[PDB]
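Chemist: This structure is in structure tokens; I'll ask about it shortly.
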Amino acid sequence: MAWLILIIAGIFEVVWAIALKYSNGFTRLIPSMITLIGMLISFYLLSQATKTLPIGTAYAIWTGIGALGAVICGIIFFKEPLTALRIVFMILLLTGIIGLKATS
Amino acid sequence: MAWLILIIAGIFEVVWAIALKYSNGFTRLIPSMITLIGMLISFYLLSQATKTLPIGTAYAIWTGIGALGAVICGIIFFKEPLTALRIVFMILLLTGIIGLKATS
Amino acid sequence: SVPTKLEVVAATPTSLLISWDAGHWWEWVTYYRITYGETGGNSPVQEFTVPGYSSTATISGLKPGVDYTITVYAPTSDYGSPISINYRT
Amino acid sequence: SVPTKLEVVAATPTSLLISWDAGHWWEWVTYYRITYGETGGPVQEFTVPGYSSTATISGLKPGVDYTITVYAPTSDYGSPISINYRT
Ligand SMILES: CCCCCCCCCCO[C@@H]1O[C@H](CO)[C@@H](O[C@H]2O[C@H](CO)[C@@H](O)[C@H](O)[C@H]2O)[C@H](O)[C@H]1O
Ligand SMILES: CCCCCCCCCCCC[N+](C)(C)[O-]
Ligand SMILES: CCCCCCCCCCCC[N+](C)(C)[O-]
């Protein structure tokens, strides 16, 4: 079960990410509020999942879900670009992060 | 300029991360004060960069810099084993960050 | 857009209670900055920020009988232009 | 180690102005918890932020001997301090 709360901890990482985009620089109340609570929930569940799971594997799946999830919801909600090059470099970037945090 | 802020934002991501462990249970004043200022600056500069940049791109580069500088600080300020895997993972990371900036 | 309907709820020779319509929940902001000064007077206007979860604020330490111009600002003018009033204490 | 040198800078029959050495830089904690009570036999307590090294204890009974303690946030610093003082 320690894995499932790590997935949820990564889901809320996408939550406060999209909300931070709706807050327009922490200006709009409620998006700026979903953002603050979204990262406290993420940080809490992470510290709970990391209490059982490997700190290296836990972070790689934590920011991996959040990073990829931020790319997906962005190109959908905010109609963010979907270029062949951008997705390739995002893959290189996301695997580079998921890689460094896993090998720790 | 929005990318310059992200670089600085990702820089502060690692400083409050290393200051969080140099603080005990959030009890050492000087480290704890570096975590909060660092956090507030990091999240603030991120919200600014997300005002004009895609969220999935801004989040990935933000985490990427924080993950990259974490390994650079561990190898230098902690005597960390430099692996060929870590080198290529770091290469993939800088490849994706520079690549996304070029496709702006 | 926001804020809307800036009015003086209560007033005292030295203090004003002001309120405004913050708008809908997607119109709410994280803070309003409020400005008050003697209208036309050679004195610069005082300023303080109010949490954006509040539609009211009290302005204290005013000269009785002097007319003041109060203004409520959103964090950015991208939403709506700032609204102002003129009230004589 | 932290904190150390708990003293009584000044004192009236109903008030003690205590102080201590917060260490320096790497030892400065986020807060201290100051307690006071009769050395014989409920204690009272308050907390000061870690940057301030002085504290004022008020409302004491004159003539009664008080034990004053200053605790760090955790035991991972260097044992508490405790002094006795009669108003
Ligand atoms: C966690 C989410 C909620 C937290 C929000 C916290 C916001 C910080 C409170 C004060 O905000 C600042 O106050 C300044 C007050 O000066 C404002 O500058 C304003 O004041 C200048 C002069 O005072 C004007 O010229 C400018 O138009 C104008 O930017 C500016 O808006 C803002 O940065
Ligand atoms: C630049 C040419 C070489 C590129 C590849 C360098 C690393 C290859 C060896 C990695 C071995 C690690 N592991 C765990 C996969 O066995
Ligand atoms: C109270 C529930 C927890 C989430 C907070 C969301 C609402 C806070 C702000 C309320 C609206 C502010 N307003 C418009 C009345 O000034």
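Chain lettering (A, B, ...) mirrors the order of the structure tokens, residue numbering begins at 1 for each chain separately, and ligand numbering begins at 1 in order of display.
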Can you give me the C-alpha RMSD, to one decimal in Å, for chain A fitted onto chain B with all Cα atoms paired in order?
Modeler: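 In short, the RMSD is 3.7 Å.
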Chemist: I'd like the neighbourhood of residue 42 of chain A as an MDAnalysis selection string, where a residue qualifies if any of its atoms comes within 7 Å (using only C-alpha atoms), though same-chain residues fewer than 5 positions away should be ignored.
Modeler: chainID A and resid 9:10 12:13
Chemist: Enumerate, in order of chain and increasing residue number, the residues of chain A with an atom no farther than 8 Å from ligand 3, each with its shortest atom pair and distance in Å to one decimal, counting only C-alpha atoms and all ligand atoms, as a Markdown table.
Modeler:
```
| residue | atom | partner | partner_atom_place_in_ligand_line | distance |
| --- | --- | --- | --- | --- |
| A:29 | CA | ligand 3 | 9 (C) | 7.2 |
| A:30 | CA | ligand 3 | 6 (C) | 6.1 |
| A:33 | CA | ligand 3 | 5 (C) | 7.2 |
```
Chemist: Excluding segment 73-88 of chain B and any residue of its chain fewer than 2 positions from it, enumerate the residues within 8 Å of it, using only C-alpha atoms, and give them as a list in words.
Modeler: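 The residues satisfying every condition are residues 99, 100 and 103 of chain A; 69, 70, 71, 90, 91 and 92 of chain B.
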Chemist: Would you mind listing what lies within 7 Å of segment 47-56 of chain B as a list in words, with only C-alpha atoms counted and same-chain residues fewer than 3 positions away left out?
Modeler: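 The residues that qualify are residues 17, 18, 20, 21, 24, 25, 26, 67, 70, 71, 74 and 80 of chain A; 2, 3, 5, 6, 43, 44, 59 and 60 of chain B.
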Chemist: Take the residues from that selection and put them in a file with N, CA, C and O atoms, as a PDB file, in the first residue's frame.
Modeler:
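Result went into again39.pdb, see below:
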```pdb
ATOM      1  N   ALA A  17       0.515  21.785  -9.521  1.00  0.00           N
ATOM      2  CA  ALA A  17       1.176  22.307 -10.712  1.00  0.00           C
ATOM      3  C   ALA A  17       0.181  23.018 -11.622  1.00  0.00           C
ATOM      4  O   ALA A  17       0.418  24.153 -12.051  1.00  0.00           O
ATOM      5  N   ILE A  18      -0.941  22.362 -11.925  1.00  0.00           N
ATOM      6  CA  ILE A  18      -1.971  22.994 -12.744  1.00  0.00           C
ATOM      7  C   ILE A  18      -2.586  24.177 -12.009  1.00  0.00           C
ATOM      8  O   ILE A  18      -2.870  25.220 -12.610  1.00  0.00           O
ATOM      9  N   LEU A  20      -1.102  26.088  -9.811  1.00  0.00           N
ATOM     10  CA  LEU A  20      -0.138  27.182  -9.874  1.00  0.00           C
ATOM     11  C   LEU A  20      -0.218  27.915 -11.205  1.00  0.00           C
ATOM     12  O   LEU A  20       0.019  29.126 -11.264  1.00  0.00           O
ATOM     13  N   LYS A  21      -0.554  27.199 -12.280  1.00  0.00           N
ATOM     14  CA  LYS A  21      -0.746  27.851 -13.570  1.00  0.00           C
ATOM     15  C   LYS A  21      -2.017  28.691 -13.584  1.00  0.00           C
ATOM     16  O   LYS A  21      -2.063  29.733 -14.249  1.00  0.00           O
ATOM     17  N   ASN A  24      -1.811  32.470 -11.622  1.00  0.00           N
ATOM     18  CA  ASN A  24      -1.203  33.632 -12.272  1.00  0.00           C
ATOM     19  C   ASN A  24      -0.239  34.348 -11.322  1.00  0.00           C
ATOM     20  O   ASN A  24      -0.382  35.532 -11.012  1.00  0.00           O
ATOM     21  N   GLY A  25       0.755  33.595 -10.857  1.00  0.00           N
ATOM     22  CA  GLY A  25       1.749  34.136  -9.952  1.00  0.00           C
ATOM     23  C   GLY A  25       1.231  34.347  -8.545  1.00  0.00           C
ATOM     24  O   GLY A  25       1.463  35.400  -7.945  1.00  0.00           O
ATOM     25  N   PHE A  26       0.529  33.343  -8.013  1.00  0.00           N
ATOM     26  CA  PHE A  26      -0.032  33.390  -6.660  1.00  0.00           C
ATOM     27  C   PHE A  26      -0.864  34.651  -6.441  1.00  0.00           C
ATOM     28  O   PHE A  26      -0.764  35.316  -5.409  1.00  0.00           O
ATOM     29  N   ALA A  67       6.016  15.194 -13.083  1.00  0.00           N
ATOM     30  CA  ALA A  67       6.555  15.823 -14.285  1.00  0.00           C
ATOM     31  C   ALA A  67       5.753  15.430 -15.518  1.00  0.00           C
ATOM     32  O   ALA A  67       5.255  16.293 -16.249  1.00  0.00           O
ATOM     33  N   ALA A  70       2.343  16.865 -15.382  1.00  0.00           N
ATOM     34  CA  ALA A  70       2.301  18.289 -15.699  1.00  0.00           C
ATOM     35  C   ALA A  70       2.349  18.516 -17.204  1.00  0.00           C
ATOM     36  O   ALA A  70       1.717  19.447 -17.718  1.00  0.00           O
ATOM     37  N   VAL A  71       3.092  17.675 -17.926  1.00  0.00           N
ATOM     38  CA  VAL A  71       3.164  17.806 -19.378  1.00  0.00           C
ATOM     39  C   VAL A  71       1.833  17.431 -20.015  1.00  0.00           C
ATOM     40  O   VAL A  71       1.389  18.066 -20.978  1.00  0.00           O
ATOM     41  N   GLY A  74      -1.015  19.993 -19.146  1.00  0.00           N
ATOM     42  CA  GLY A  74      -0.725  21.261 -19.793  1.00  0.00           C
ATOM     43  C   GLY A  74      -1.150  21.282 -21.250  1.00  0.00           C
ATOM     44  O   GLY A  74      -1.860  22.192 -21.688  1.00  0.00           O
ATOM     45  N   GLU A  80      -1.216  23.511 -24.354  1.00  0.00           N
ATOM     46  CA  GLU A  80       0.215  23.693 -24.506  1.00  0.00           C
ATOM     47  C   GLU A  80       0.722  22.894 -25.706  1.00  0.00           C
ATOM     48  O   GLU A  80       0.131  21.874 -26.076  1.00  0.00           O
TER      49      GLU A  80
ATOM     50  N   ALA B   2      11.970  34.705 -18.612  1.00  0.00           N
ATOM     51  CA  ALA B   2      11.188  33.682 -17.925  1.00  0.00           C
ATOM     52  C   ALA B   2      12.003  32.417 -17.706  1.00  0.00           C
ATOM     53  O   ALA B   2      11.801  31.711 -16.710  1.00  0.00           O
ATOM     54  N   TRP B   3      12.927  32.114 -18.620  1.00  0.00           N
ATOM     55  CA  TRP B   3      13.815  30.974 -18.433  1.00  0.00           C
ATOM     56  C   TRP B   3      14.911  31.290 -17.423  1.00  0.00           C
ATOM     57  O   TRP B   3      15.295  30.422 -16.632  1.00  0.00           O
ATOM     58  N   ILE B   5      14.579  33.139 -14.828  1.00  0.00           N
ATOM     59  CA  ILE B   5      13.952  32.981 -13.520  1.00  0.00           C
ATOM     60  C   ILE B   5      13.857  31.507 -13.151  1.00  0.00           C
ATOM     61  O   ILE B   5      14.080  31.124 -11.996  1.00  0.00           O
ATOM     62  N   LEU B   6      13.534  30.654 -14.128  1.00  0.00           N
ATOM     63  CA  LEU B   6      13.435  29.222 -13.864  1.00  0.00           C
ATOM     64  C   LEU B   6      14.774  28.643 -13.426  1.00  0.00           C
ATOM     65  O   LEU B   6      14.828  27.805 -12.519  1.00  0.00           O
ATOM     66  N   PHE B  43       9.295  28.665  -5.000  1.00  0.00           N
ATOM     67  CA  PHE B  43       7.907  28.599  -5.444  1.00  0.00           C
ATOM     68  C   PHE B  43       7.441  29.919  -6.045  1.00  0.00           C
ATOM     69  O   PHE B  43       6.641  29.919  -6.988  1.00  0.00           O
ATOM     70  N   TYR B  44       7.928  31.049  -5.524  1.00  0.00           N
ATOM     71  CA  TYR B  44       7.564  32.340  -6.099  1.00  0.00           C
ATOM     72  C   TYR B  44       8.104  32.479  -7.516  1.00  0.00           C
ATOM     73  O   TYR B  44       7.353  32.768  -8.454  1.00  0.00           O
ATOM     74  N   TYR B  59       7.604  22.945 -15.100  1.00  0.00           N
ATOM     75  CA  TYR B  59       7.777  22.007 -13.995  1.00  0.00           C
ATOM     76  C   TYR B  59       8.960  21.077 -14.240  1.00  0.00           C
ATOM     77  O   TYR B  59       9.741  20.803 -13.321  1.00  0.00           O
ATOM     78  N   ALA B  60       9.100  20.570 -15.467  1.00  0.00           N
ATOM     79  CA  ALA B  60      10.151  19.599 -15.756  1.00  0.00           C
ATOM     80  C   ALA B  60      11.534  20.224 -15.622  1.00  0.00           C
ATOM     81  O   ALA B  60      12.431  19.644 -14.999  1.00  0.00           O
TER      82      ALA B  60
END
```
Chemist: Counting only C-alpha atoms, what is within 7 Å of residue 56 of chain D, bar same-chain residues fewer than 4 positions away, as a list in words?
Modeler: residues 16, 17 and 18 of chain D
Chemist: May I have the residues within 9 Å of ligand 1, computed using only C-alpha atoms and all ligand atoms, as a PyMOL selection string?
Modeler: (chain A and resi 23+25-29+32-33+35-36) or (chain B and resi 40+44) or (chain C and resi 29-33+47-52+73-76)
Chemist: Keeping only N, CA and C atoms, take the residues you just selected and write them out as a JSON list (two decimals), in the first residue's frame.
Modeler:
```json
[["chain", "number", "residue", "atom", "x", "y", "z"],
["A", 23, "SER", "N", -3.20, 30.21, -10.92],
["A", 23, "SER", "CA", -3.09, 31.26, -9.92],
["A", 23, "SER", "C", -2.49, 32.54, -10.47],
["A", 25, "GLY", "N", 0.75, 33.60, -10.86],
["A", 25, "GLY", "CA", 1.75, 34.14, -9.95],
["A", 25, "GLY", "C", 1.23, 34.35, -8.54],
["A", 26, "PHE", "N", 0.53, 33.34, -8.01],
["A", 26, "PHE", "CA", -0.03, 33.39, -6.66],
["A", 26, "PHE", "C", -0.86, 34.65, -6.44],
["A", 27, "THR", "N", -1.70, 34.99, -7.42],
["A", 27, "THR", "CA", -2.56, 36.15, -7.34],
["A", 27, "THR", "C", -4.03, 35.81, -7.20],
["A", 28, "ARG", "N", -4.52, 34.78, -7.89],
["A", 28, "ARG", "CA", -5.93, 34.41, -7.83],
["A", 28, "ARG", "C", -6.17, 33.46, -6.66],
["A", 29, "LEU", "N", -6.99, 33.91, -5.71],
["A", 29, "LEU", "CA", -7.37, 33.06, -4.59],
["A", 29, "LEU", "C", -8.14, 31.85, -5.09],
["A", 32, "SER", "N", -4.34, 29.66, -6.08],
["A", 32, "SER", "CA", -3.20, 29.82, -5.19],
["A", 32, "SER", "C", -3.37, 29.04, -3.89],
["A", 33, "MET", "N", -4.60, 28.63, -3.57],
["A", 33, "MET", "CA", -4.86, 27.85, -2.37],
["A", 33, "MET", "C", -4.78, 26.35, -2.63],
["A", 35, "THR", "N", -2.86, 25.20, -4.75],
["A", 35, "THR", "CA", -1.42, 25.00, -4.94],
["A", 35, "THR", "C", -0.71, 24.76, -3.62],
["A", 36, "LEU", "N", -0.97, 25.61, -2.62],
["A", 36, "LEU", "CA", -0.29, 25.49, -1.34],
["A", 36, "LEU", "C", -0.63, 24.16, -0.66],
["B", 40, "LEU", "N", 10.11, 29.61, -0.32],
["B", 40, "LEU", "CA", 9.28, 30.73, -0.76],
["B", 40, "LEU", "C", 9.83, 31.37, -2.03],
["B", 44, "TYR", "N", 7.93, 31.05, -5.52],
["B", 44, "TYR", "CA", 7.56, 32.34, -6.10],
["B", 44, "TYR", "C", 8.10, 32.48, -7.52],
["C", 29, "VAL", "N", -9.04, 36.97, -5.38],
["C", 29, "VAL", "CA", -7.61, 37.21, -5.47],
["C", 29, "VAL", "C", -6.98, 36.90, -4.12],
["C", 30, "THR", "N", -5.65, 36.79, -4.13],
["C", 30, "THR", "CA", -4.93, 36.43, -2.91],
["C", 30, "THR", "C", -4.68, 37.61, -1.99],
["C", 31, "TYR", "N", -4.92, 38.83, -2.44],
["C", 31, "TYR", "CA", -4.78, 40.01, -1.60],
["C", 31, "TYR", "C", -5.29, 41.22, -2.36],
["C", 32, "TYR", "N", -5.86, 42.16, -1.61],
["C", 32, "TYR", "CA", -6.15, 43.50, -2.10],
["C", 32, "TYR", "C", -5.25, 44.48, -1.38],
["C", 33, "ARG", "N", -4.77, 45.49, -2.11],
["C", 33, "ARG", "CA", -4.03, 46.59, -1.50],
["C", 33, "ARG", "C", -4.90, 47.84, -1.54],
["C", 47, "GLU", "N", -1.01, 53.20, 2.50],
["C", 47, "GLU", "CA", -1.28, 51.96, 1.81],
["C", 47, "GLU", "C", -1.05, 50.78, 2.74],
["C", 48, "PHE", "N", -1.87, 49.75, 2.58],
["C", 48, "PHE", "CA", -1.68, 48.47, 3.26],
["C", 48, "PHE", "C", -2.39, 47.40, 2.45],
["C", 49, "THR", "N", -1.90, 46.17, 2.58],
["C", 49, "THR", "CA", -2.47, 45.03, 1.86],
["C", 49, "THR", "C", -3.43, 44.27, 2.76],
["C", 50, "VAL", "N", -4.52, 43.79, 2.17],
["C", 50, "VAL", "CA", -5.55, 43.06, 2.89],
["C", 50, "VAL", "C", -5.63, 41.66, 2.28],
["C", 51, "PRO", "N", -5.77, 40.61, 3.09],
["C", 51, "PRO", "CA", -5.91, 39.26, 2.53],
["C", 51, "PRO", "C", -7.07, 39.19, 1.55],
["C", 52, "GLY", "N", -6.83, 38.52, 0.43],
["C", 52, "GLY", "CA", -7.83, 38.40, -0.60],
["C", 52, "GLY", "C", -9.03, 37.56, -0.24],
["C", 73, "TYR", "N", -7.46, 47.73, -4.84],
["C", 73, "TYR", "CA", -6.76, 47.20, -5.99],
["C", 73, "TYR", "C", -6.78, 45.68, -5.99],
["C", 74, "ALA", "N", -6.91, 45.10, -7.17],
["C", 74, "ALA", "CA", -6.58, 43.70, -7.37],
["C", 74, "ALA", "C", -5.07, 43.57, -7.52],
["C", 75, "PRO", "N", -4.52, 42.37, -7.32],
["C", 75, "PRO", "CA", -3.07, 42.19, -7.52],
["C", 75, "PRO", "C", -2.58, 42.69, -8.86],
["C", 76, "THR", "N", -3.32, 42.42, -9.93],
["C", 76, "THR", "CA", -3.01, 42.94, -11.25],
["C", 76, "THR", "C", -4.27, 43.56, -11.85]]
```
Chemist: Out of chain B, which residues get helix (DSSP H, G or I) from DSSP, as a ChimeraX atom specification?
Modeler: /B:2-22,29-52,55-77,84-102
Chemist: Write to file, as a short mmCIF file (atom, residue, chain, number, x, y, z; two decimals), in the first residue's frame, the residues of the selection just made, with C-alpha atoms.
Modeler:
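And here's out.cif as it stands now:
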```
data_model
loop_
_atom_site.label_atom_id
_atom_site.label_comp_id
_atom_site.auth_asym_id
_atom_site.auth_seq_id
_atom_site.Cartn_x
_atom_site.Cartn_y
_atom_site.Cartn_z
CA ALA B 2 11.19 33.68 -17.93
CA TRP B 3 13.82 30.97 -18.43
CA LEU B 4 16.40 32.94 -16.43
CA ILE B 5 13.95 32.98 -13.52
CA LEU B 6 13.43 29.22 -13.86
CA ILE B 7 17.19 28.62 -13.66
CA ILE B 8 17.37 30.69 -10.47
CA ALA B 9 14.21 28.96 -9.24
CA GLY B 10 15.69 25.51 -9.84
CA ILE B 11 18.86 26.67 -8.09
CA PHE B 12 16.90 27.46 -4.93
CA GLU B 13 15.14 24.08 -5.18
CA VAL B 14 18.35 22.32 -4.18
CA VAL B 15 19.49 24.81 -1.53
CA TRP B 16 16.37 24.40 0.61
CA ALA B 17 16.60 20.65 -0.01
CA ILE B 18 20.14 20.45 1.37
CA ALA B 19 19.31 22.99 4.09
CA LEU B 20 16.35 20.80 5.11
CA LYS B 21 18.68 17.91 5.93
CA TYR B 22 21.29 20.19 7.50
CA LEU B 29 17.57 28.20 13.13
CA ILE B 30 20.06 29.03 10.36
CA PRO B 31 19.30 25.92 8.24
CA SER B 32 15.55 26.18 8.88
CA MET B 33 15.55 29.83 7.85
CA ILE B 34 17.37 28.82 4.64
CA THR B 35 14.70 26.21 3.88
CA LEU B 36 11.72 28.58 4.24
CA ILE B 37 13.23 31.56 2.33
CA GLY B 38 14.55 29.07 -0.23
CA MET B 39 11.14 27.42 -0.56
CA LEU B 40 9.28 30.73 -0.76
CA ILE B 41 11.75 32.09 -3.32
CA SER B 42 11.71 28.86 -5.34
CA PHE B 43 7.91 28.60 -5.44
CA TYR B 44 7.56 32.34 -6.10
CA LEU B 45 10.02 32.39 -9.01
CA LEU B 46 8.29 29.28 -10.35
CA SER B 47 4.87 30.97 -10.29
CA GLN B 48 6.34 33.90 -12.21
CA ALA B 49 7.92 31.65 -14.85
CA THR B 50 4.66 29.72 -15.22
CA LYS B 51 2.83 32.98 -16.00
CA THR B 52 4.41 32.94 -19.47
CA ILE B 55 3.39 24.31 -16.94
CA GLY B 56 4.62 20.90 -18.10
CA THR B 57 7.78 22.50 -19.48
CA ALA B 58 8.32 24.81 -16.51
CA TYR B 59 7.78 22.01 -14.00
CA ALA B 60 10.15 19.60 -15.76
CA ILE B 61 13.01 22.09 -16.10
CA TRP B 62 12.37 23.28 -12.54
CA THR B 63 12.67 19.74 -11.17
CA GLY B 64 15.48 18.97 -13.61
CA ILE B 65 17.69 21.81 -12.38
CA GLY B 66 16.96 20.87 -8.77
CA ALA B 67 17.77 17.24 -9.51
CA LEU B 68 20.87 18.17 -11.52
CA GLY B 69 22.27 20.57 -8.93
CA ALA B 70 21.58 17.97 -6.25
CA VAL B 71 23.97 15.51 -7.91
CA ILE B 72 26.50 18.28 -8.59
CA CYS B 73 26.41 19.19 -4.90
CA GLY B 74 26.56 15.57 -3.75
CA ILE B 75 29.55 14.75 -5.94
CA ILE B 76 31.38 17.91 -4.85
CA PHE B 77 30.13 18.77 -1.33
CA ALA B 84 28.84 6.34 -15.89
CA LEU B 85 25.08 5.88 -15.50
CA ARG B 86 24.87 9.14 -13.56
CA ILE B 87 26.94 10.93 -16.21
CA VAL B 88 24.68 9.81 -19.06
CA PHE B 89 21.59 10.49 -16.93
CA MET B 90 22.92 14.00 -16.29
CA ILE B 91 23.64 14.28 -20.02
CA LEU B 92 20.05 13.28 -20.84
CA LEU B 93 18.91 15.94 -18.36
CA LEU B 94 20.93 18.84 -19.79
CA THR B 95 20.07 17.57 -23.27
CA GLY B 96 16.36 17.89 -22.53
CA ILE B 97 16.60 21.27 -20.79
CA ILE B 98 18.68 22.86 -23.56
CA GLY B 99 16.46 21.17 -26.13
CA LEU B 100 13.22 22.57 -24.72
CA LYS B 101 14.72 26.07 -24.55
CA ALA B 102 15.69 25.81 -28.23
#
```
Chemist: Would you work out the distance separating atom CA of residue 46 of chain C from atom CA of residue 77 of chain C, expressed in Å to one decimal?
Modeler: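 If I compute the distance from atom CA of residue 46 of chain C to atom CA of residue 77 of chain C, I get 19.7 Å.
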Chemist: Do you know which residues are at most 6 Å from segment 13-28 of chain C counting only C-alpha atoms, after dropping those on the same chain fewer than 3 positions away, and could you put them as an MDAnalysis selection string?
Modeler: (chainID A and resid 28:29) or (chainID C and resid 3:10 55:64 89)
Chemist: What does the distance from atom CA of residue 75 of chain D to atom CA of residue 11 of chain D come to in Å, to one decimal?
Modeler: 29.0 Å
Chemist: Which polymer residues have any atom within 8 Å of an atom of residue 80 of chain D, counting only C-alpha atoms, with same-chain residues fewer than 2 positions away left out, as a list in words?
Modeler: residues 2, 3, 69, 70, 71, 72, 75, 78 and 82 of chain D
Chemist: What is the atom CA of residue 24 of chain D-atom CA of residue 68 of chain D distance in Å, reported with one decimal?
Modeler: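 According to the coordinates, atom CA of residue 24 of chain D and atom CA of residue 68 of chain D are separated by 22.5 Å.
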Chemist: Based on DSSP run over this structure's backbone, return all residues of segment 35-68 of chain D in strand (DSSP E or B), as a PyMOL selection string.
Modeler: chain D and resi 35-38+44-49+54-58+65-68
Chemist: Hey, which of D:20, D:32, D:26, D:46 ends up closest to chain B? Count only C-alpha atoms.
Modeler: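 Among D:20, D:32, D:26, D:46, it is D:26 that comes nearest to chain B.
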